[PDB]
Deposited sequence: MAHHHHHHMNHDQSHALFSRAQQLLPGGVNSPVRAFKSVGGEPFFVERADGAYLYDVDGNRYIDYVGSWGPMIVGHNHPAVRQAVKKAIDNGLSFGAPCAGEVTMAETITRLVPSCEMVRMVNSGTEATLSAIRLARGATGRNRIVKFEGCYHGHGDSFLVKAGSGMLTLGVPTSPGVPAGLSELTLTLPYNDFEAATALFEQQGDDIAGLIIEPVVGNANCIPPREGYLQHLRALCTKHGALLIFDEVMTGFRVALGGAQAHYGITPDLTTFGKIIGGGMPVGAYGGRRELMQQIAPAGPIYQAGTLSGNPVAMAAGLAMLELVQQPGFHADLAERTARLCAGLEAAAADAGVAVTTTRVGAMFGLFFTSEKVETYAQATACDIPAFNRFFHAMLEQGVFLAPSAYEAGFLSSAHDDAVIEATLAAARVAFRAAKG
């Protein structure tokens, strides 16, 4: 780091300027560190397992740009593919071959998708998917789950006789909010009751098949199968939001891992290799409702752009190498076990969850299966642990409500260094 005497002078100067120019000094709320306290650091560059801030501090990174960097940051094969594409021009406004190869790859790896449509973010993917579900079924109501996050389309900015939704943000019309119904994740009986009451009127049910936006909460055995059965029984479309789980929980996503066939899936993150890229897909007959094949309108001027296709295709090639996910799932297990041991040694109660290359650390003695258990955790203790880990050179997600991520750049020495850091940081946070 620039100072020898965790100096954050350069980040502080940038953040002070940013606060005058961007709401909260950031372009996405979580970046402002308001959940953990303090000020964020500004990043100079990222490479392998590491972030390097503008003050010269290096952090082992378990955020991975929020999921895309499953092969680590700045992977040379992804960088080479991107550099090659840049020489052809950054955007065309017309089709390119990379869009066909991308569609071939997603549909082959996630066969519930016979057809896909690229967009520019997870927000665009999910707002398109629910419009497709409404337009294909002729119904208005959408079911989502408390603790899941799908982006900021207005129909998602809603909370719970008929349990009509109410907005969670100003600027979201009340009438529209009534059409979004919210269930508790992992609650079999609540899902059954809602479909018994109004299943005929539900266009679609959207879920993170493994929750990542209330920390990492895996589904109970049979739970996703239960939701699939309710949707099929009642004529609603099952929408898996695999923006985070896709290509990360398993090569074929959470739907492969748990053996579910959704009607629609949304994708993002890994499929863009680090660049802005979303997608939605499903059976051909359903997807042919989308313009210009059918009447349901959705468009995007920069969608399918060639640099993003090249970056995502390079990452998708890497994740298809034999044993990729088994390796990362073991590394994730190793990290979680080491965190539990480090916390036990310090006398701090924690538990962990994990599915493939995503994990959750929880400040509790309970095995977390529900949003209520995630929120009953010792949030101030997490906040102290986060800052103590930063001081040890490890960047965890700055929130008790965000899953963490392993990458193939987290080699044995990186994992061990993370555990050495946790051994001290749990004692700091006790």
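For this session: Could you sort out which parts of the deposited sequence are absent from the coordinates (no C-alpha) and give them as ranges from 1?
Result: Residues missing from the model, as numbered along the full deposited sequence, span 1, 7-8, 164-166, 437.
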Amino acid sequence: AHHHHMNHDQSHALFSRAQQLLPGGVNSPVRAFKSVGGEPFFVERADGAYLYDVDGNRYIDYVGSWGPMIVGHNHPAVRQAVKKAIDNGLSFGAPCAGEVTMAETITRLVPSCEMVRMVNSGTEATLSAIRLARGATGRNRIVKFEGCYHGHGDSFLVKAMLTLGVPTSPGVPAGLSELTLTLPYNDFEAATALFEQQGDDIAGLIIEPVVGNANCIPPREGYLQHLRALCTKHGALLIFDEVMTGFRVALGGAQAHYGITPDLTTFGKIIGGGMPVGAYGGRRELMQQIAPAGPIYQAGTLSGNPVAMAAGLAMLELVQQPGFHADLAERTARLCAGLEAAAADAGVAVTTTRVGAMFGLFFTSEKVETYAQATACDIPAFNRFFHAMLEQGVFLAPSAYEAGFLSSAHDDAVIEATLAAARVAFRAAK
From here on, numbers count along this sequence of modelled residues.
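Problem set entry | 161-169 versus 244-252 - greater average Cα B-factor per the deposited record | According to the entry, 161-169 carries the higher average C-alpha B-factor.
For this session: Give the stretch, out of 194-202 and 88-96, with the larger mean C-alpha temperature factor in the deposited entry.
Result: Higher mean C-alpha B-factor: 194-202.
For this session: Using the entry's values, work out which of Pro209, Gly278, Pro76, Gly282 has the largest Cα B factor.
Result: In this record, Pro76 carries the highest C-alpha B-factor of the candidates.
Exercise. Checking the entry, which one of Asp327, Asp263, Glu124, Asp187 has the top C-alpha B factor?
Worked result: If I rank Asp327, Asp263, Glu124, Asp187 by C-alpha B-factor, first place goes to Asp327.
Exercise. Is the Cα B-factor recorded for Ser65 in the lowest, middle or highest third of its chain?
Worked result: Middle third, going by the recorded CA B-factors of the chain.
For this session: Can you work out whether the C-alpha temperature factor of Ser11 puts it in the lowest, middle or highest third of the chain?
Result: As the PDB entry reports it, the C-alpha B-factor of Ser11 lands in the middle third of its chain.
Exercise. Lowest, middle or highest third of the chain for the C-alpha temperature factor of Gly56?
Worked result: Within its chain, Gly56 is a highest-third residue by C-alpha B-factor, going by the deposited values.
For this session: Pull the Cα B-factor of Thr418 out of the PDB entry and bin it into the chain's lowest, middle or highest third.
Result: Bottom third by C-alpha B-factor.
Exercise. Would the CA B-factor of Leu22 place it in the lowest, middle or highest third of its chain?
Worked result: Tercile = lowest for this residue's CA B-factor.
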